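Structure first, then comments.
Note that each Cβ is placed from the backbone with ideal geometry, even for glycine, and that neighbours are counted across all protein chains shown. All of this is worked out from the model, or read from it or from the source named; no laboratory read-out is quoted.
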Amino acid sequence: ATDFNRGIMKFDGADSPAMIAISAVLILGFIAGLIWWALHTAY
Amino acid sequence: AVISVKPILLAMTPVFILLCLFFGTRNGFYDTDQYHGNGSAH
Amino acid sequence: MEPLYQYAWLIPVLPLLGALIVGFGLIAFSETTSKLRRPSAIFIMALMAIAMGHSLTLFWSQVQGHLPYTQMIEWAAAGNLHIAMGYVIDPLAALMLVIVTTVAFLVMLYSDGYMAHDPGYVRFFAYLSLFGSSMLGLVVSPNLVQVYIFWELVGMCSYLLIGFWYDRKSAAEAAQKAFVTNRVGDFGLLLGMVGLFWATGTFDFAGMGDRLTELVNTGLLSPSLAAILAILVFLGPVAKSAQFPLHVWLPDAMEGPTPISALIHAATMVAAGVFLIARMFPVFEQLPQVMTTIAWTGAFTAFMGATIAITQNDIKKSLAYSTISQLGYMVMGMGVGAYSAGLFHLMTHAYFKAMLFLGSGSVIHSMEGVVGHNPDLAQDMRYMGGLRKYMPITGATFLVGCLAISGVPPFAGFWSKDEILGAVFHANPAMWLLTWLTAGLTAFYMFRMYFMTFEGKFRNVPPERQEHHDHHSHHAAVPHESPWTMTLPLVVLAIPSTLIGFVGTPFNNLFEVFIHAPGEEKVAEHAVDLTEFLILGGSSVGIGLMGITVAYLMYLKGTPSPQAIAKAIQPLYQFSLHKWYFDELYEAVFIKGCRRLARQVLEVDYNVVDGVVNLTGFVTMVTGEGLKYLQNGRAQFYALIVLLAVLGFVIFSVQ
Amino acid sequence: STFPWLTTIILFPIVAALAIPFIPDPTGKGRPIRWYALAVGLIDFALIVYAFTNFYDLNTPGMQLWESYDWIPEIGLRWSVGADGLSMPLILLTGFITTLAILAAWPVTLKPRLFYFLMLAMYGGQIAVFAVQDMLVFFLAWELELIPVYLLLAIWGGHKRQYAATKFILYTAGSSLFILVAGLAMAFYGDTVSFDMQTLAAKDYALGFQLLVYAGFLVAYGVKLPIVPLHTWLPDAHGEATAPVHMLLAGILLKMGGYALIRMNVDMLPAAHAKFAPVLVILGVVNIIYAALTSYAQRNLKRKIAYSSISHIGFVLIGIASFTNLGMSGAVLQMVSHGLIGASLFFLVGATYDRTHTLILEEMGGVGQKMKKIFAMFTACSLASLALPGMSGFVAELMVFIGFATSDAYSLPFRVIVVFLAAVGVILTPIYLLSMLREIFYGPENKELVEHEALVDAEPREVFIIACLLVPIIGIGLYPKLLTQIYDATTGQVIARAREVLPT
């Protein structure tokens, strides 16, 4: 992740492992929340 | 009333073929400086 | 008529082919074509002047009484889903055909003077012809698909032209913002283009009004649901014409070349952002809640862009914030309904902004003589005052362009501008008295920009005293730097100004509106009185005329100060000096926010879904090093497992 | 007509790939083996255009080169080939991009006897996937590009080649087994043991069986066409690679995972489609928004466009699972147009990196001052991938938005949100493409220019391969019935296969 914080507009500072899990549950929850939408909203 | 793709492809094939066999002969920089050398992404 | 009108698609494809060739001549033959700067400029200009020869006869044939002529060619077909792409020659379309090729031939006459010291002289005429062919297809367009093929093309030509120099870091970031901010409107246009093909079923403007009005009263569509459709189409022209949410790219579009600013305020802005809503009036007049949205976001921008033009030190950044407001002054004319007057203030805007922009470039190429190439703001180093005291013909023509935008007695605007002030005090006078207050403020910054830099003394002594350039000593002070290639275009762009000194007059306003009928023959107007028009026009030429007397007295005292305004209204002056504090809302929230959302989609990629794949390869390698310890030598232990499995399979298989 | 045409095109490179160790004169680097491999590419592309302009006989649904040769009667398999409308655009594309991938493989002097062997063997192992009408030959041809593309990434690759090469052969051969499993599940259903792709379609299946075969096919086709949970093999295998290899991965090899979705998940299993089709368009929407924000946040240059290729793929899912003749005609046109666009991007990343030796995108700036023809070419190819009109990126996505929200299948609160969500990719693709252009070319701040980056040029051969690929990008984008007439009548039966089932 040190090569992911390359010296351009990145390194927001939230590359901590406490943030990685709480960013995952919203992102992987939105795809799962959209798939479970689809089988009941489309037909 | 559609332009067919067969007369526009058969007339574009033998210009594409004769231009690669010419443009292969013309190149620069890939034989003189070329510090990549052998290993093509090292 | 038949070789004039069946070959009418040649007006887009002629100046495209002038850039197709030099684009093929610069990418393959750049050793000769970079040297062939002078012939390839005249070669590219020849296909534009022939395209001027089509339109000047395609429009003059239209006002004699010829019918509109349509053509449609199938573009992408499927089962029961056709896309048609052709053209129309419409008196609205043929009027815009003249404007976008007259000012394009003009700016290519201009371009031989502002450069030919620049090595990018050959490429600049390749991009300038790439603008026009992308632009001349937008005006002849019959469909909502066909206006969208050339919507995102002219933003591509606007991206390439702002980043023309591309060695400035400032012109780098300016080019990208002009593509992204227009793409939000293109995100809006694409939603309504599919959204209106969903509801109506056909992509043409004429077939969209009759089909939308068929479902809104029958009961298939809702009055609230179909209102958000035509709002989304309108979100397109708020980007290109720089309305309220999307206007941040115009101070930075002045980081490009000065010829381009004349063309991106006469072709992509006053044309593109207004031609679409003028063509979509079959949809908008059946929706009352949409037209009140258009006029409110137009009238706010007439106020919003006007005050940032005040205390603006840069000349091109003051003209850029002018045409934010003047386009905003015009889109609300399409929003209150009175749109034929909104279309005849379009022609005098495009021919005078280019008069004001190319006139401003005569100042910058003059001021490069005494000052180095870094500052282009109001004058320091022999400060502001005098340029017309040197008596140039370049300086008297950006006054005449400045004069006919406020509402002065003897010139234009008295015929076209104040017509939508009387039609806007009919319905909602609360949100539309705001245009009257800034009507004296549009008169302010225009004449604030005139006699600050054209009346006084501006050649004597250096305050900063650092030019040190042979390219500045050869920049020809005493404004004759403006060569022979500004004597024609600064004059010949004023020869349509006396034509609209004759047309669009109180007898030819009636005859030109008679050309500009809407989608139907009916014309909706509240009331027009004989006596009441005289004071509504007579008190309104005052607020223009006495609006500059407070500017004739403010910026002719040397300091910008009547009493207690040197210590200014800093609640409000910090807004206009720091440019509305609107660039920083879009930057600290959207630019940082998408630099914060995107980063943690990358780290959930590299660590969660890459963590599972790198765990299947880890629990199989440590399974291998767990049964590698099953064998340990000691061959008697191997004889146990042979004997234990004999005991196992005879308890396994008897039940 | 009697002459086996598709059997020639499949086997003529692999027969002539074996004659590479017998080519004489290894006097230094490999010059004569570079010219033999190029010329044997071109005379097979001439064999595709001879077989197409004389024998294809378009606006007819079905295969027109039908050659069912007997191979092994015990297993029941034959050597059957055939070109329909869902494949004959892609046989033509494969013979076009590979012949440029030989020509873009010119500076290689590492192992040139081995490079052009596998690339000619991969040129046969790609046409063989689109052409065969069988199931044990289709599983053969799917994994026939398994060992040459392990070796193309491992020997000529960046750093972390070996971590990228063995993550890829284990993830694709670890997913190709569902082709054999689901290909055997339909073969033994009923009473016949037929393996042809026609009788397996013309067989009637049960509904509960069809959802097991479709979910077996979905993982086997969600890996190659990177449906975004199953995608992690790609940006390593595409991130650490050379430009002549990369044109065969992103240009063509992703298209086989989308070609096979149209053939074997829409034709053969229609009532399996109509049950789990709205999961595809939601996996198509997230394919665009995830892969455009993942592309923006990355600073490795070859890895930015590698994640971008997942995003352009995201309209193939919306195009397939929309049950409209313009949606499916916009997905096939998306696969052709991304191959021509993605090859023209992925060549110039190698063309940039061969001069500046970095890919890091922070030590760059002012590259457009030294090389201009590289800058003028990398602008026209990145503008092609913006879905900008006048090029084939926009017309391929124009039919998908129109084709999806004109279908009488979904409900209206679903179709509004998907069109609103897929069009966020319209905003998102200029964010990272133009910021890639800006942080490399635009600017005064150059490199150290002493230790690294000693050279800059633009070879007059390299200007051809972009101008060779930008001709059919624009030529399709200005008249898309140059391509839509090839597959009008065969796509019109796949949609006729899924319309009669649709209320289910």
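Observations on the structure shown:
- Identity of the residue in region D:68-84, of a type in the set (A, V, I, L, M, F, W, C) and assigned to a strand (DSSP E or B), that ends up surrounded by the fewest Cβ atoms within 10 Å (Cβ to Cβ): D:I72
- In the set (1) surrounded by fewer than 23 Cβ atoms within 10 Å (Cβ to Cβ); (2) within 16 Å of C:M96 (Cβ to Cβ), the condition left unmet by C:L136 is number (1).
- Checking each residue of region D:294-303 against the condition of being part of a helix (DSSP H, G or I), over 22 Å from B:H42 (Cα atoms) and under 22 Å from the mean Cα position of the chain (by Cα) gives at least one match.
- All positions within region C:501-519 that are within 30 Å of C:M208 (Cβ to Cβ) and either more than 32 Å from the chain's Cα centre (by Cα) or surrounded by 11 or more Cβ atoms within 10 Å (Cβ to Cβ) (or both): C:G504, C:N509, C:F511, C:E512, C:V513, C:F514, C:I515, C:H516, C:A517, C:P518, C:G519
- Matching residues in region A:2-11 - criterion: being surrounded by fewer than 15 Cβ atoms within 10 Å (Cβ to Cβ) and at the interface with another protein chain (Cβ under 8 Å from one of its Cβ atoms): A:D3, A:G7, A:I8
- Filtered by the rule that a residue be part of a loop (DSSP other than H, G, I, E, B), hydrophobic (A, V, I, L, M, F, W, C) and within 7 Å of chain D (Cβ to nearest Cβ), region B:4-42 gives B:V5, B:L10, B:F29, B:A41.
- Checking each residue in region D:400-455 for being more than 8 Å from chain C (Cβ to nearest Cβ), assigned to a helix (DSSP H, G or I) and of a type in the set (S, T, N, Q) picks out only D:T429.
- Residue match in region C:230-250 (condition: crowded, with 23+ Cβ neighbours inside 10 Å, under 25 Å from C:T101 (Cα atoms), of a type in the set (S, T, Y) and within 15 Å of the chain's Cα centre (by Cα)): yes
- Pairing residues of region D:238-251 that are on the phi < 0 side of the Ramachandran plot and surrounded by 24 or more Cβ atoms within 10 Å (Cβ to Cβ) with residues that are of a type in the set (S, T, Y) and assigned to a helix (DSSP H, G or I), at Cβ distances under 6 Å and at least 6 apart in sequence or on separate chains, gives D:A250/D:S309.
- The residues of region C:139-169 that are basic (K, R) and either touching a residue at least 12 places away in the same chain (Cβ under 8 Å) or buried (at least 21 other Cβ atoms within 10 Å of the Cβ) (or both) amount to a single one, C:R168.
- Out of C:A588, C:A639, sole residue that is within 30 Å of D:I289 (Cβ to Cβ) and either outside the structural domain of C:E173 (by CATH) or exposed (fewer than 11 other Cβ atoms within 10 Å of the Cβ) (or both): C:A588
- Selection within region C:3-19 - under 23 Å from C:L128 (Cβ atoms) and either part of a loop (DSSP other than H, G, I, E, B) or touching a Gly at 6+ places or on another chain (Cβ under 6 Å) (or both): C:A8, C:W9, C:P12, C:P15
- Residue match in region C:427-441 (condition: at negative phi, polar (S, T, N, Q) and outside any helix (DSSP H, G or I)): yes
- Among the residues of region C:136-150, the ones that are touching a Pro at 6+ places or on another chain (Cβ under 8 Å), in a helix (DSSP H, G or I) and within 11 Å of another protein chain (Cβ to nearest Cβ) come to 3 in all.
- Test for D:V286: is it closer than 25 Å to D:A164 by Cβ and in a loop (DSSP other than H, G, I, E, B): no
- Lone qualifier among C:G209, C:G195 - being buried (at least 18 other Cβ atoms within 10 Å of the Cβ), more than 14 Å from chain D (Cβ to nearest Cβ) and in contact (Cβ under 8 Å) with a residue 12 or more places away in the chain: C:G209
- Any hit, region A:17-30, residues being assigned to a loop (DSSP other than H, G, I, E, B), more than 9 Å from every other protein chain (Cβ to nearest Cβ) and exposed (fewer than 12 other Cβ atoms within 10 Å of the Cβ): no
- One residue stands out among those in region D:26-67 that are among the β-branched types (V, I, T) and touching a residue at least 40 places away in the same chain (Cβ under 8 Å): the one that is surrounded by the most Cβ atoms within 10 Å (Cβ to Cβ), which is D:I48.
- With a requirement of 3 or more residues that are within 23 Å of the chain's Cα centre (by Cα), the helices (runs of 4 or more DSSP H) lying completely within region D:114-225 that satisfy it span D:138-142, D:147-155, D:162-172, D:177-187, D:207-221.
- Single residue of D:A291, D:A306 found to be more than 14 Å from chain A (Cβ to nearest Cβ) and buried (at least 24 other Cβ atoms within 10 Å of the Cβ): D:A306
- Number of positions in region D:456-504 that are in contact (Cβ under 8 Å) with a residue 24 or more places away in the chain, in a helix (DSSP H, G or I) and among the charged types (D, E, K, R): 4
- Residue match in region C:20-38 (condition: within 12 Å of another protein chain (Cβ to nearest Cβ), crowded, with 19+ Cβ neighbours inside 10 Å and among the aromatic types (F, W, Y)): no
- Residue pairs meeting the criteria (Cβ under 7 Å; at least 6 apart or on separate chains; first at the interface with chain D (Cβ under 9 Å from one of its Cβ atoms) and within 21 Å of D:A387 (Cα to Cα), in region C:170-186; second of a type in the set (S, T, Y) and in a helix (DSSP H, G or I)): C:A175/C:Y159; C:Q176/D:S435; C:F179/C:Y159
- For region D:480-489, taking the residues that are at the interface with another protein chain (Cβ under 8 Å from one of its Cβ atoms) and surrounded by fewer than 20 Cβ atoms within 10 Å (Cβ to Cβ), the one that is nearest to B:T32 (Cα to Cα) is identified as D:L482.
- Restricting region C:437-458 to residues that are within 23 Å of the chain's Cα centre (by Cα) and of a type in the set (S, T, N, Q) leaves a set whose member that is farthest from C:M304 (Cα to Cα) is C:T442.
- Test result for D:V349, closer than 27 Å to D:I288 by Cα and surrounded by 23 or more Cβ atoms within 10 Å (Cβ to Cβ): no
- Selected residue [surrounded by fewer than 19 Cβ atoms within 10 Å (Cβ to Cβ) and closer than 21 Å to D:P89 by Cβ] from D:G477, D:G492: D:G492
- C:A178 in the same structural domain as C:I73 (by CATH), of a type in the set (A, V, I, L, M), surrounded by 22 or more Cβ atoms within 10 Å (Cβ to Cβ) and farther than 16 Å from C:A227 by Cβ: yes
- Against the numbered list (1) touching a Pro at 6+ places or on another chain (Cβ under 8 Å); (2) outside any loop (DSSP other than H, G, I, E, B), C:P479 comes up short only at (2).
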